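Each remark here refers to the structure printed beneath this line.
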Amino acid sequence: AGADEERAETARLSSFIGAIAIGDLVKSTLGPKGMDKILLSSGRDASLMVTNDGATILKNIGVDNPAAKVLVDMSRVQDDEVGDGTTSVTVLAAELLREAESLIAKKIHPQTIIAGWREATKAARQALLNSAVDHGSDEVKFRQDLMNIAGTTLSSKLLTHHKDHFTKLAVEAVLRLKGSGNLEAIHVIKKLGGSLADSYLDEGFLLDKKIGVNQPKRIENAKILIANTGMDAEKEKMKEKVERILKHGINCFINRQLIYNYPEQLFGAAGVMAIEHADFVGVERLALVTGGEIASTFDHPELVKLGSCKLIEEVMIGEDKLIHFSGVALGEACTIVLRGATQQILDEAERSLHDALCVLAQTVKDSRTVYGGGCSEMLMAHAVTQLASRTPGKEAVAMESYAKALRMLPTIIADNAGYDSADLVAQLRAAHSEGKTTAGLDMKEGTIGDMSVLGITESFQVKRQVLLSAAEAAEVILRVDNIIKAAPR
Amino acid sequence: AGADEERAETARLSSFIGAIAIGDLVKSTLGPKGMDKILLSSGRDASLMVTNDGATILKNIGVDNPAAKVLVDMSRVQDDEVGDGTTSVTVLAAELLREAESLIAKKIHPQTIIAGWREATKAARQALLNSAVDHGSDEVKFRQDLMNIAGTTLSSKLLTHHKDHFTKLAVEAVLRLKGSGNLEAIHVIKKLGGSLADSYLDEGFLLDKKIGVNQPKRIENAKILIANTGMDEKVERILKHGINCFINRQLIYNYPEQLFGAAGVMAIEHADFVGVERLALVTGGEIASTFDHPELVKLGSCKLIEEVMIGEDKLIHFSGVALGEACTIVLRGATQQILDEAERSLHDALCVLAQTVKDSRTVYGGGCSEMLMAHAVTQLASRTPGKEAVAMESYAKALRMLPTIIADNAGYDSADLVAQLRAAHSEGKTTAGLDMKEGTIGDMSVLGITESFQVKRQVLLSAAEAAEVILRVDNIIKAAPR
Amino acid sequence: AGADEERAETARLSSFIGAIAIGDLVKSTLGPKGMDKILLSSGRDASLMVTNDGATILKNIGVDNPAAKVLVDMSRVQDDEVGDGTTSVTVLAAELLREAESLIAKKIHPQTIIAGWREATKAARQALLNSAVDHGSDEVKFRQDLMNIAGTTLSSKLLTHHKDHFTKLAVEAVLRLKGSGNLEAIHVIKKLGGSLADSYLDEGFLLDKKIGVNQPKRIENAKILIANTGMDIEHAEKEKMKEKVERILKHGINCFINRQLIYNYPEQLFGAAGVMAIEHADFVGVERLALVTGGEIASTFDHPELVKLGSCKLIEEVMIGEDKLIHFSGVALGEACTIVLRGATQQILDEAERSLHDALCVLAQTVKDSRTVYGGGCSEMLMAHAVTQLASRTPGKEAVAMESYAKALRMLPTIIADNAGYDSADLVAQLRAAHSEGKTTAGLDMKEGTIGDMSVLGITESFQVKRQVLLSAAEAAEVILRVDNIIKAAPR
């Protein structure tokens, strides 16, 4: 008959239900002992996908009408900002909705209560001044570079047997990236072949193509040629390419498409390595790296093109054949390569590096971090309980509810571990209350322990953005009472 | 039929439903501007009954199968010990059940949570000590004797125009009681007569019975005779003793009646047993059996027994008891719905402040006690280990509703009230509380409203044990209306 | 949004039902006494098919909605390593699910229980150390080459009267193949027409194709040509003809094998030359054969002489009781050989195809491992006695999960006895007393109805079959229970 209409308490309920459904699935995926989840869907799915990253799975699908997709969409902007470690920001937003049950008892104006969000700003910043944070990584740093936050991101993920080693590698990659440049030229790829190292580092850019079985194994003081057009009377074509080639000393040719067979015989004898159907996206990054070139007709060699002469070679990774470009003069652009166990757990690493590279970039800019494993959450909770009573009252109603929202974070960490959640809460509050910031939830123990020995740390950046953002994501939904007058029909 | 057994959610549900149904009706009653309700029942009641006092209506009727009657039955023992004034204890027990729906999320063991009840006992003792109570009320006292708690008990009642004066009088009655002997021998009745005072204080015991048309009008240096067995030998035993009055708890045979008139002895036909039992303690007692009962077996006090006119109608008074352990109270009323209410109020008044001289401790009224207690209970949950804390912290916000109910009956918006209330209590001023006449927060002490320390200690334990018996135990349930 | 969302208990139920549904049909299959079972379906299913192999029927059809096909698919990779014996891996994986009902009562994180599988690895390798393991195959081996495990694999099979004889033959085949990296070029099929042997051994590799009715009847010291590209105005055609004849002649070419369609013109040429060619030869046959011959490089018609490697002994078309088949033989390599099965002509004949897969993998393993364990469930009861101690030994959560895994082993003795035709209850306790005492040889005797000496029977299971099954069962069960979501992901 018309538009979707909900009034008073019913409008509140739709938002309320969406938050509870998401929280139970996400809880098992938090901190150093999370659970892998496999998802099955019909049509245009073709099977099951398993994601250990909460943000990636929510973005992909809009299962039903109940509002949550827009809230979910927001987490990605956060991902660019800092994004991860462990997924948990979504869970905290969900918790605040449980409170609205006691609100009906309040019975007057729900938006006056919204002052809690005003309060949230005051409560949020008490964690952004208080704690113990850390002494931030000064720059490059020999051993404080990793085996810390990256490991924690990994710990919720099972592959952390071989994988924690990979995580250690990521900081080295960020160090070259470090300073004023921001994020550019990082694409990193993985393979179906297993090796103990499970990762190779490249000075320049990494591809995955071979000229053919024949051709010189290694090229040095290399000249690089990039052609927009394909190589696809015939002898005349052959000759133009060879005469221009020999004078230059051309060491490598890269073409973004199919390549005609005659050129291939020529390149092998000359001592020149060529690449068939190189993807266009890889090529654009390479141009910035080598100083660039103008890609025209076979006239394209000589001065219309600029070449970087350090080291280009093709080596066998272990199973799959790849080609290594390195020693770029520009230095601005670099490439990371990962190896793995070989199943799906490995593809997880594909998921992990994208998340890991950006967080580290923020780590150098922030120069501040906080203890992980929920150590940060309990300390703040002790401080916030005191605050509600102290404020006059309108302020107090609002302030106290926010404070108890912090409490199940310890619970969520412990619950996914496989230990009794209430028991965990009892011991945890006492250690934080005493004054030890290092102490936190230890999932491996089943109780609590020293977070620092683990080396688990969370970026200072994740805590400031979540606190301000959580209030805003929750506030929009709660602030508006009754939604009516819309449907197209 | 017969016995029943209960399953997971349904068992909890039966207890859960009982608490919510009773909370709403009792809710209007609390506070100075509470309102009366009238109930009619299924053929054993005879008519419409209106009771301002929450406890009286619940005791009289066992409406349905759900566990509530045993919870309800307990409130009267509380009344005996102290719990009266305004009904609040039942309300307090009832919202603890709401927390249980939240508790389903708490997937572990509900009984573990139960450990919270003596944690709560710690909370009761945490509450007691941590809250400035009072330092006044030395004994008898010129002005702190009342114009305090009785007035608040009365405040929830409309009568408080002429009636607040009556409440002040109640303390004089306790003043004569203080000493060694306990709380006993208090009886109150009302009469048809208009007066601004609306009461008189009487020294002796009030009774209203007469032997017959003939007999001496007044007896002097009276001896009292009590017989367990009915009249349905007497002169010979009587003359030697010098008996002046005979009291029998039952029907009296006609033949002896002629004898008593000529002798000059006043007898009482069908005297009620409750007055008689008290009397035995009063007169030194007697051994009540068959007609052998006279002389030494019985002891009789002997000041004066006479029939006196009390303003209007004629009444008989027993006074001048040698023992000194028992007394009686008589009230005269203008007549209205609220005067026999004094029956309700005096019974309650006696327990509230007799207790007050014994305690030497009281707390500020008008909800001053509840917000302060709420302020310090929140810290305590955090102070205690965390799973203990989860149960303890839920208890702490429970106290929040009392401030809201006090204000709500006043006529002022509840949201604003909660807000202004907490800031004054948090600051450290115990005297400050909810001033309903203001609609805001004010000085409770100026009002003169104070609560007996026992009402607060006793309510806490009574609520804890009563709440504990629910969540714990199965065997009940509810079905359909009327 | 056709996504399937499963909730805690419901999530177990889909999988729980899938495990129970498959368990009953597979159960009758195990032991010396088994049930044949045939299935009929509408739409591109002309007639009933009989499966004495739990694995074969499960792979062919994905009958219902509930997840189990991937679990089912996995059993075949097992088949490559060891496979057969009797179908027990699926049964054991399913039995673990039934005590999960007990787990709801426990009412804690289900994943905590998962520690039992790690516990299972301990149990899995104690299937080792609890065996004195035969002592010495001695490679090749005179008398105990077979009349052992193959017989057990076939004991459940209906054909055990005549067929136990062909099972015996299978080990001779493995002996030829020694250099025990299981199988290269081992291809055997069932053939029509009866014989007492019900099987024949060919020194070479079989096939089922002919060039044409005309051509020389047979070839000697034959050279083999294999072409990737097909043989597929007249004067232009003749040149194509000439290239093929001019260089074919120098070699002395006796046989040509091409995988795909063959052009008609060369066919006349081959007959006069004295060369036998094969039209549309199957690719799978061709490279295994190539391993046998010495591996050629297949290019364009330049392919003759050296770029082709031809082994020469005897290539001929030989009448085999029935039809008439093409046989390649006398391979120099010796590494790869072919066994040809024959039968009366029974659906049960199709049994041999199953049996073959079963025969090849276990025997190859038996020679490399030089270790094996007693069959008939001897291994299973002994392991069960040890695991009971483990449950009591470990505190709290670990004992509950370890204990449940331990009782799972108890059911296998019951299934072994149940298919026998004897009372299962009596069998279980008598069995436990002999294993507890310390006799590894003692085990379930299905014909006996009671417990007996397994070694006399000759039934033994490869050391690999026991270590891998136990690890595999754990992983198969873990993929479901371990993960509590199963929802969303795919734009639409």
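Naming scheme: A, B, ... for chains in displayed order of the structure tokens; residues 1 onward per chain; ligands 1 onward as shown.
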
Self-check item: Test item: chain C residues at most 12 Å from chain A, counting only C-alpha atoms, as a PyMOL selection string
Solution: chain C and resi 1-8+11+65-67+69-70+107-115+396-398+478-492

Practice problem: Can you check which residues of chain B have any atom within 12 Å of chain C? Use only C-alpha atoms and format it as a ChimeraX atom specification. | Solution: /B:107-109

What does the file look like for those residues with N, CA and C atoms, as a PDB file, in the first residue's frame?
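That gives us again.pdb:
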ATOM      1  N   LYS B 107      25.409 -17.056  29.348  1.00  0.00           N
ATOM      2  CA  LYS B 107      25.171 -18.484  29.033  1.00  0.00           C
ATOM      3  C   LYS B 107      25.710 -19.495  30.042  1.00  0.00           C
ATOM      4  N   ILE B 108      26.503 -19.042  30.981  1.00  0.00           N
ATOM      5  CA  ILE B 108      27.123 -19.931  31.959  1.00  0.00           C
ATOM      6  C   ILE B 108      26.077 -20.496  32.982  1.00  0.00           C
ATOM      7  N   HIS B 109      26.328 -20.416  34.281  1.00  0.00           N
ATOM      8  CA  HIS B 109      25.403 -20.978  35.269  1.00  0.00           C
ATOM      9  C   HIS B 109      24.681 -19.873  36.072  1.00  0.00           C
TER      10      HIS B 109
END

Exercise. Mind the document's chain letters and residue numbers, and return as an MDAnalysis selection string the residues of segment 217-450 of chain B that DSSP labels strand (DSSP E or B).
Key: chainID B and resid 218:220 224:227 245:248 266:268 304:309 314:319 333 362:364 432:435 440:443 450

Self-check item: Among listed residues A:101, A:119, A:164, A:284, nearest chain B (using only C-alpha atoms)
Solution: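 For chain B, the nearest of the given residues is A:101.
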
Please build the interface table for chain B against chain A with a cut-off of 8 Å, listing for each qualifying residue the nearest atom pair and the distance in Å to one decimal; count only C-alpha atoms, order rows by chain and increasing number, and write it as JSON lines.
{"residue": "B:106", "atom": "CA", "partner": "A:422", "partner_atom": "CA", "distance": 7.8}
{"residue": "B:108", "atom": "CA", "partner": "A:422", "partner_atom": "CA", "distance": 7.4}
{"residue": "B:375", "atom": "CA", "partner": "A:389", "partner_atom": "CA", "distance": 6.1}
{"residue": "B:378", "atom": "CA", "partner": "A:385", "partner_atom": "CA", "distance": 7.3}
{"residue": "B:379", "atom": "CA", "partner": "A:386", "partner_atom": "CA", "distance": 7.0}
{"residue": "B:382", "atom": "CA", "partner": "A:382", "partner_atom": "CA", "distance": 7.1}
{"residue": "B:383", "atom": "CA", "partner": "A:430", "partner_atom": "CA", "distance": 7.8}
{"residue": "B:384", "atom": "CA", "partner": "A:430", "partner_atom": "CA", "distance": 7.9}
{"residue": "B:385", "atom": "CA", "partner": "A:426", "partner_atom": "CA", "distance": 4.4}
{"residue": "B:386", "atom": "CA", "partner": "A:426", "partner_atom": "CA", "distance": 3.2}
{"residue": "B:387", "atom": "CA", "partner": "A:426", "partner_atom": "CA", "distance": 4.4}
{"residue": "B:388", "atom": "CA", "partner": "A:426", "partner_atom": "CA", "distance": 6.6}
{"residue": "B:389", "atom": "CA", "partner": "A:426", "partner_atom": "CA", "distance": 7.3}
{"residue": "B:413", "atom": "CA", "partner": "A:108", "partner_atom": "CA", "distance": 7.8}
{"residue": "B:414", "atom": "CA", "partner": "A:108", "partner_atom": "CA", "distance": 7.4}
{"residue": "B:415", "atom": "CA", "partner": "A:108", "partner_atom": "CA", "distance": 5.9}
{"residue": "B:416", "atom": "CA", "partner": "A:394", "partner_atom": "CA", "distance": 6.9}
{"residue": "B:418", "atom": "CA", "partner": "A:393", "partner_atom": "CA", "distance": 6.4}
{"residue": "B:419", "atom": "CA", "partner": "A:393", "partner_atom": "CA", "distance": 3.3}
{"residue": "B:420", "atom": "CA", "partner": "A:393", "partner_atom": "CA", "distance": 5.7}
{"residue": "B:421", "atom": "CA", "partner": "A:393", "partner_atom": "CA", "distance": 7.0}
{"residue": "B:422", "atom": "CA", "partner": "A:393", "partner_atom": "CA", "distance": 5.6}
{"residue": "B:423", "atom": "CA", "partner": "A:392", "partner_atom": "CA", "distance": 4.1}
{"residue": "B:424", "atom": "CA", "partner": "A:392", "partner_atom": "CA", "distance": 7.7}
{"residue": "B:426", "atom": "CA", "partner": "A:390", "partner_atom": "CA", "distance": 6.1}
{"residue": "B:427", "atom": "CA", "partner": "A:390", "partner_atom": "CA", "distance": 7.8}

May I have the residues from that selection written out with C-alpha atoms, as a PDB file, in the first residue's frame?
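Listing of part_23.pdb after writing:
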ATOM      1  CA  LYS B 106      25.124 -14.870  30.347  1.00  0.00           C
ATOM      2  CA  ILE B 108      27.123 -19.931  31.959  1.00  0.00           C
ATOM      3  CA  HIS B 375      26.678   6.270  44.216  1.00  0.00           C
ATOM      4  CA  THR B 378      28.794   1.288  41.597  1.00  0.00           C
ATOM      5  CA  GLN B 379      32.404   1.504  42.895  1.00  0.00           C
ATOM      6  CA  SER B 382      34.386  -2.807  40.270  1.00  0.00           C
ATOM      7  CA  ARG B 383      36.181  -3.270  43.622  1.00  0.00           C
ATOM      8  CA  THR B 384      35.017  -6.939  43.830  1.00  0.00           C
ATOM      9  CA  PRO B 385      36.283  -9.600  41.338  1.00  0.00           C
ATOM     10  CA  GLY B 386      34.549  -9.164  37.965  1.00  0.00           C
ATOM     11  CA  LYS B 387      32.088 -12.082  37.652  1.00  0.00           C
ATOM     12  CA  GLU B 388      31.021 -11.227  41.224  1.00  0.00           C
ATOM     13  CA  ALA B 389      30.968  -7.651  39.962  1.00  0.00           C
ATOM     14  CA  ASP B 413       9.132  15.011  34.866  1.00  0.00           C
ATOM     15  CA  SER B 414      11.133  11.906  35.842  1.00  0.00           C
ATOM     16  CA  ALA B 415      14.051  12.330  33.394  1.00  0.00           C
ATOM     17  CA  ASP B 416      15.033  15.786  34.668  1.00  0.00           C
ATOM     18  CA  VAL B 418      17.012  11.767  38.105  1.00  0.00           C
ATOM     19  CA  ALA B 419      19.530  14.131  36.617  1.00  0.00           C
ATOM     20  CA  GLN B 420      19.381  16.844  39.295  1.00  0.00           C
ATOM     21  CA  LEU B 421      19.181  14.303  42.134  1.00  0.00           C
ATOM     22  CA  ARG B 422      22.463  12.489  41.551  1.00  0.00           C
ATOM     23  CA  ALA B 423      24.660  15.612  41.511  1.00  0.00           C
ATOM     24  CA  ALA B 424      23.673  16.705  45.057  1.00  0.00           C
ATOM     25  CA  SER B 426      27.437  12.672  44.711  1.00  0.00           C
ATOM     26  CA  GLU B 427      28.747  15.959  46.127  1.00  0.00           C
TER      27      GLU B 427
END

Quiz item: Any idea what's packed within 6 Å of segment 66-81 of chain B, counting only C-alpha atoms, ignoring anything in its chain fewer than 4 positions away? Could you give it as an MDAnalysis selection string?
Solution: chainID B and resid 476:478

Quiz prompt | All residues 8 Å or closer to segment 456-469 of chain A, only C-alpha atoms, same chain fewer than 6 positions away omitted, as a count of residues only | solution = 27

Quiz prompt | Which residue of B:381, B:432, B:399, B:316 approaches residue 445 of chain B most closely, using only C-alpha atoms | solution =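 Of B:381, B:432, B:399, B:316, the one nearest residue 445 of chain B, counting only C-alpha atoms, is B:432.
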
Quiz item: What does the distance between atom CA of residue 378 of chain C and atom CA of residue 363 of chain C come to in Å, to one decimal place?
Solution: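 Computing it gives 19.9 Å between the two atoms.
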
Quiz prompt | Between atom CA of residue 453 of chain C and atom CA of residue 369 of chain C - distance in Å to one decimal | solution =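 According to the coordinates, atom CA of residue 369 of chain C and atom CA of residue 453 of chain C are separated by 23.1 Å.
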
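The list of residues with at least one atom within 9 Å of segment 23-25 of chain C, based on only C-alpha atoms and without residues fewer than 2 positions apart in the same chain, reads residues 18, 19, 20, 21, 27, 28, 29, 37, 54, 90, 91, 92, 94 and 95 of chain C.
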